[PDB]
Amino acid sequence: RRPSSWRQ
Amino acid sequence: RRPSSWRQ
Amino acid sequence: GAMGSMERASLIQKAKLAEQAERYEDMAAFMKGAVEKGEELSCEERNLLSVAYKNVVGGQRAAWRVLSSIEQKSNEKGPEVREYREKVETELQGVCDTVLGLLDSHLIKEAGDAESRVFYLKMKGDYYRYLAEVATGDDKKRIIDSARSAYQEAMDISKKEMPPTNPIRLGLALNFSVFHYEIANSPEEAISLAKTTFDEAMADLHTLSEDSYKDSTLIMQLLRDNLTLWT
Amino acid sequence: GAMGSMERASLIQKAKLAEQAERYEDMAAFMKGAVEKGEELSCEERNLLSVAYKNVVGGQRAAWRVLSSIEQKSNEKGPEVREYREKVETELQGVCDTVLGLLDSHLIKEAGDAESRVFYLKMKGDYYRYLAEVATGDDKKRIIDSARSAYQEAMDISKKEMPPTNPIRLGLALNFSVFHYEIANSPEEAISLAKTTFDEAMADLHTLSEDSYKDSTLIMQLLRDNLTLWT
Ligand SMILES: [Ca+2]
Ligand SMILES: [Ca+2]
Ligand SMILES: [Cl-]
Ligand SMILES: [Cl-]
Ligand SMILES: [Mg+2]
Ligand SMILES: [Mg+2]
């Protein structure tokens with residue numbers, strides 16, 4: 001998958 | 001709740 | 001309009017791409033351009049038109065309901081909540097007016113087959129219904145009656161020309177029932193319509209292929225869901 | 001611009017209403033208008049700006065990735081897939097350019113406190129990163145280096161001026177790590193940064209209140225998720 005960047 | 005109208 | 005220079009087939013292709021990308025405002029603009037080419041729409045093309053505008057107005061309606069609720073709680077502060085609810089409301093009305101304009105110029109008058117004519121008259125009822133959800137002025141009763149008249153003509157055609165399991169007939173009856181319950185303050189009519197539609201579809205299922213059975217029973221389940229909610 | 005006649009406080013109030021209604025394009029336009037009033041933004045206001053544009057560009061990026069994949073499969077037909085991917089790409093670039101313009105005129109130059117300056121430099125890195133995701137021309141390396149330079153300045157400030165658990169410091173390190181992995185083709189740097197950030201945050205948790213602990217450990221979990229994905 002694509003990695004997590006900052007998210008609420 | 002609100003009723004279902006047609007939806008896909 | 002803005003899509004006048006693009007080929008009809010390219011507009012349809014891009015509408016399908018926009019659906020895959022969940023870009024429903026683009027999808028609606030492409031399908032508006034395809035309609036404005038002046039040719040009738042195929043079954044598939046009518047569905048793309050419906051899906052596009054249903055998603056666009058659906059987001060507007062959901063936002064309007066959020067804002068209207070905030071506004072009601074505020075009236076139980078300044079003008080901002082009312083202003084922004086009005087902004088969303090005006091944009092929703094603009095989308096409904098655009099759809100109704102496509103139906104009137106000239107989709108409905110060229111629709112001769114039951115399937116197309118019932119589809120477009122159901123759409124006309126739906127978008128007048130969305131106008132009715134936000135209406136409060138001198139013309140609110142006329143907006144409601146415009147929804148009713150379109151649904152009623154579609155019902156009359158569908159009962160004469162289509163089997164009781166036909167998905168567009170079922171979806172029309174579902175939405176007219178919601179109109180009765182939510183707009184016309186006629187819950188008994190809503191319930192009676194949903195029950196009679198369900199029962200007559202049930203009795204016609206034996207005539208269907210496995211694929212048609214799946215299509216019809218899916219919409220019957222929405223009728224059942226409303227009946228369970230309302231009774 | 002178009003929001004020049006609305007009060008700053010009313011723009012902020014409407015940005016919050018737009019968030020509640022999930023109307024993120026409106027939210028971004030309101031916050032752009034608030035920035036253009038020329039005053040510095042509060043902590044809360046910076047968050048509203050970030051949330052609004054993150055949601056707008058996030059939908060554009062998701063659509064671009066859908067269309068780019070279709071386009072790649074097609075090149076393994078006519079111009080429509082490329083045209084529509086380009087349309088979405090140009091709109092995404094326009095949103096990124098708008099955000100970068102707000103940072104440059106004049107949010108960054110007026111940001112003196114660590115919290116605001118690191119926040120805006122992280123934003124600058126993020127939006128150059130989004131430009132880098134779609135870049136292919138003569139300036140692609142310069143776009144990548146613009147992202148890197150902004151992230152790097154933000155990192156240098158955050159390490160000097162903020163504790164290792166500070167949420168904006170953690171979120172900056174998370175995104176710079178993603179930049180290393182996905183944009184700069186430096187997976188070892190991405191992994192090293194995420195691990196060192198996680199470990200130094202873990203060792204500082206003992207200093208925090210229960211609420212600050214919750215805030216910091218939430219972002220640490222995103223670092224952990226990437227490390228598990230990458231190792
Ligand atoms: Ca009764
Ligand atoms: Ca290694
Ligand atoms: Cl407004
Ligand atoms: Cl296009
Ligand atoms: Mg032609
Ligand atoms: Mg003022």
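The figures here come from the full heavy-atom set of this structure, side chains too, leaving out hydrogens, waters and symmetry mates. First listed ligand is number 1; within each ligand, the first listed atom is number 1. The chains referred to below are lettered A, B, ... by the order of the sequence lines, with proteins before strands, and numbering in each begins at 1.
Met31(D) contributes atom CE, which lies 14.5 Å from atom OH of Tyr24(D) (distance to the nearest 0.5 angstrom). Atom OH of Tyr120(C) is separated from atom CG of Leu49(C) by 7.0 Å, given to the nearest 0.5 angstrom.
Salt-bridge check for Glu80(C) with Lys14(D): failed, with every basic side-chain N at 4.0 Å or more from each acidic carboxylate O. Look at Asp145(D) and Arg148(D) and you find a salt bridge, because one of the NZ, NE, NH1 or NH2 atoms lies within 4.0 Å of a carboxylate O, short of that distance.
Distances from the Mg ion (ligand 5) under 2.8 Å pick out these protein N/O/S atoms: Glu7(C) OE1.
Shown are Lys124(D), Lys122(D), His180(D), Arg129(D); of these, the side chain to side chain donor-acceptor pair (under 3.5 Å) with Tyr151(D) is made only by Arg129(D).
Here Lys16(C) pairs with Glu44(C) under the salt bridge (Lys or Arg N to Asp or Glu O under 4.0 Å) rule; sequence neighbours left out.
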